[PDB]
4 protein chains.
Amino acid sequence: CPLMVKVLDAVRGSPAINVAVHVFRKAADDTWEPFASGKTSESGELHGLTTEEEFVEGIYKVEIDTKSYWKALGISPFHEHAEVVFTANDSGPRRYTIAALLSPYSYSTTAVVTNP
Amino acid sequence: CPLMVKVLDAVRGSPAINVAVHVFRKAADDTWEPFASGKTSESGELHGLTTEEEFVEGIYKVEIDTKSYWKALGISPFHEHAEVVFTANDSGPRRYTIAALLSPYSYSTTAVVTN
Amino acid sequence: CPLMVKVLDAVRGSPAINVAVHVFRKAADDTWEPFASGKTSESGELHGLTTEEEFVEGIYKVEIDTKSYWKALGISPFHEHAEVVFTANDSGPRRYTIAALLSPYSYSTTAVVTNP
Amino acid sequence: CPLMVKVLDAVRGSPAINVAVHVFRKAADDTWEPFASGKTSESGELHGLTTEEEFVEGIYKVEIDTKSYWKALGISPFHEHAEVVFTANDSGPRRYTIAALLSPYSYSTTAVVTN
Ligand SMILES: C=CC(=O)Nc1cccc(/C=C/c2cc(C)c(O)c(C)c2)c1
Ligand SMILES: C=CC(=O)Nc1cccc(/C=C/c2cc(C)c(O)c(C)c2)c1
């Protein structure tokens with residue numbers, strides 16, 4: 001998959017399961033168009049969002065719905081979501097892993113970008 | 001003030017100086033309206049964004065222009081910016097510090113909310 | 001594997017490859033005994049450190065040699081290493097992933113603990 | 001002072017208060033000798049650890065007793081402590097802040113080194 005999302009829970013020491021993720025792409029008119037969405041698995045991973053054909057150059061936003069996640073575990077968290085915004089594929093196709101590590105009042109995010 | 005932003009650089013081990021920061025408040029129509037902005041100081045801090053009177057409950061977005069920061073240092077970064085979106089709630093503590101720790105391909109953010 | 005180590009590079013947006021890792025276990029006399037060691041692969045991962053038989057209860061230290069890593073890439077880093085110290089297997093066998101995300105003056109570490 | 005420690009809590013969004021911190025200096029025989037210690041303040045900070053005269057170049061270890069912190073809050077943590085080991089170098093800036101951001105199964109640490 002050219003775009004994968006991995007989410008971990010820093011309170012539990014576990015994958016963050018059933019986390020909703022929405023991906024948008026910036027359009028020519030500067031609006032954020034819905035691009036793909038899904039939920040993390042029991043491993044904290046979300047694959048199958050897009051294809052190399054569909055995943056063209058652009059500015060992408062990966063919105064991780066952390067508030068909804070924490071509001072199931074009895075924690076009232078600080079953030080509404082964690083948003084990751086980046087230019088993709090502008091030197092040709094790459095594979096992207098967007099990883100996030102969640103706490104109620106904090107998160108960490110990183111990217112792993114590989115050239116197939 | 002009731003809102004402060006602190007930005008640190010994980011590559012150089014220092015404050016992130018002269019970083020542009022824009023704060024937006026979510027309007028009734030679900031658009032982001034400009035609220036406050038500035039550039040971080042030599043200590044990586046931006047104070048004076050708002051007052052207690054203006055900083056009412058609501059959803060706020062703090063956008064940190066990380067891409068320009070890295071580019072000015074001659075380093076190629078991943079993100080367009082770092083986004084921190086949160087609800088201000090009067091039931092909680094009264095002073096909010098949004099802190100961010102920057103790397104070219106990663107960032108960490110936390111909130112320190114005190115009375 | 002009951003003990004895995006994953007290391008990422010926050011400057012490059014890549015796995016951190018060829019990172020030396022030394023694992024110690026606290027002995028009855030309170031000294032740190034060498035337990036296992038290895039290097040991260042091209043995926044940033046180190047598997048094969050131990051077996052479920054060998055990986056008994058104890059206090060373990062996972063030392064990630066971050067300074068040696070950064071001193072190959074032309075960065076003089078801040079830390080000597082990143083050390084992760086934890087009690088393992090004290091409610092029976094678990095599988096542990098120790099993950100670290102490295103920058104020259106900072107690191108993040110987390111654990112993912114699963115019950116097979 | 002030349003050495004400060006700041007500790008934050010990522011679960012509660014606040015300073016980590018009353019956390020024990022021990023600082024060690026590496027001796028010639030490769031053992032860790034006690035150097036300074038204290039407990040973080042209400043602002044999560046520990047100042048007054050050393051002076052410029054005593055804080056010579058060398059390898060130092062800052063051990064943060066995270067396990068006791070979490071246990072006092074009734075939360076089960078992963079780590080025994082958080083360790084930060086570094087070399088003090090006179091060629092670099094003169095003031096070192098060791099910051100740590102704590103969660104039960106994770107921590108982040110950074111160094112802010114300034115003049
Ligand atoms: C409210 C004051 C305040 O936070 N002061 C201060 C001084 C030094 C560091 C910091 C914040 C540090 C920080 C440190 C780490 C390791 C992080 O991952 C993040 C997101 C932030 C704050
Ligand atoms: C149980 C195996 C497992 O979690 N493997 C795995 C695979 C890929 C990434 C990771 C961890 C990523 C990560 C991501 C961030 C933002 C971090 O601050 C830290 C410390 C780690 C772990």
Side-chain angles (χ1 to χ4, degrees), chain A residues 4-10 13-16 43-45 64 82 84 97-103 105-112, chain B residues 3-10 14-16 43-45 47 82 84 93 95-103 105-114, chain C residues 1-8 10 15-16 43-45 47 64 82 84 94-103 105-114, chain D residues 4-10 13-16 43-45 82 84 96-103 105-112 114:
Chain A
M4 185 271 272
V5 180
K6 172 79 174 183
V7 190
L8 294 180
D9 178 324
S14 71
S43 65
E45 299 188 348
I64 305 172
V84 178
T97 303
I98 306 301
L101 175 64
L102 306 184
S103 301
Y105 279 73
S106 178
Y107 61 90
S108 182
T109 187
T110 197
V112 183
Chain B
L3 186 63
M4 191 266 271
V5 179
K6 174 85 170 179
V7 190
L8 296 174
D9 176 330
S14 62
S43 66
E45 292 181 352
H47 300 270
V84 180
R95 302 173 229 170
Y96 298 74
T97 301
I98 303 299
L101 175 63
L102 309 182
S103 301
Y105 280 66
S106 181
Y107 60 90
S108 177
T109 190
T110 198
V112 191
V113 185
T114 62
Chain C
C1 275
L3 182 60
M4 185 271 272
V5 180
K6 172 79 174 183
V7 190
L8 294 180
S43 65
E45 299 188 348
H47 303 261
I64 305 172
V84 178
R94 299 295 185 274
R95 305 219 185 281
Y96 298 81
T97 303
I98 306 301
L101 175 64
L102 306 184
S103 301
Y105 279 73
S106 178
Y107 61 90
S108 182
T109 187
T110 197
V112 183
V113 182
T114 66
Chain D
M4 191 266 271
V5 179
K6 174 85 170 179
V7 190
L8 296 174
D9 176 330
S14 62
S43 66
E45 292 181 352
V84 180
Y96 298 74
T97 301
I98 303 299
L101 175 63
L102 309 182
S103 301
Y105 280 66
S106 181
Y107 60 90
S108 177
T109 190
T110 198
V112 191
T114 62

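Note that ligands are numbered from 1 as they come in the structure, with each ligand's atoms numbered from 1 the same way. Below, chain A is the first sequence line, B the second, and so on; all start at residue 1.
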**Report entry** Over all atoms of both residues, closest heavy-atom pair of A10(B) and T110(D)
**Finding:** CA-OG1, 4.5 Å
Query raised in the report: So is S108(B) polar-close to ligand 1, meaning N/O to N/O under 3.5 Å?
Result: yes
Query raised in the report: Of the protein's non-hydrogen atoms, which lies at the shortest distance from atom 10 (C) of ligand 2, and what is that distance?
Result: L8(A) CD1, 4.1 Å
Report summary line: Heavy atoms of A99(C) and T109(C) approach each other most closely as O-OG1, 2.8 Å
Report summary line: Ranked by distance from atom 21 (C) of ligand 1, the top protein heavy atom is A99(B) CB, 4.1 Å
Query - Protein contact to atom 4 (O) of ligand 2 [nearest heavy atom, distance to 0.1 Å] - result: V112(C) CG2, 3.5 Å
Query raised in the report: In ligand 2, which numbered atoms sit nearer than 4.0 Å to a non-hydrogen atom of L101(C)?
Result: 15 (C), 16 (C), 17 (C), 18 (O)
Requested in this report: Could you tell me the residue and atom name of the protein heavy atom closest to atom 8 (C) of ligand 1, and the distance to it rounded to 0.1 Å?
Outcome: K6(D) CG, 4.2 Å
Query raised in the report: Shortest non-hydrogen contact from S43(C) to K6(C)?
Result: O-NZ, 3.0 Å
**Report entry** Nearest-contact summary for atom 1 (C) of ligand 2 - protein heavy atom, Å
**Finding:** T97(C) OG1, 3.0 Å
Report summary line: Closest heavy-atom pair, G44(B) versus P15(B), reported as atoms and distance to 0.1 Å, is N-CB, 3.5 Å
Query - Residue pair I98(D) / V84(D): nearest heavy atoms and the distance that separates them - result: CG2-CG1, 4.0 Å
Query raised in the report: Considering distance alone, does some N or O of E45(D) sit under 3.5 Å from an N or O of ligand 1?
Result: no
Query raised in the report: Taking all non-hydrogen atoms of both residues, which atom of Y105(D) and which atom of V113(C) are closest, and how far apart?
Result: CE2-CG2, 4.1 Å
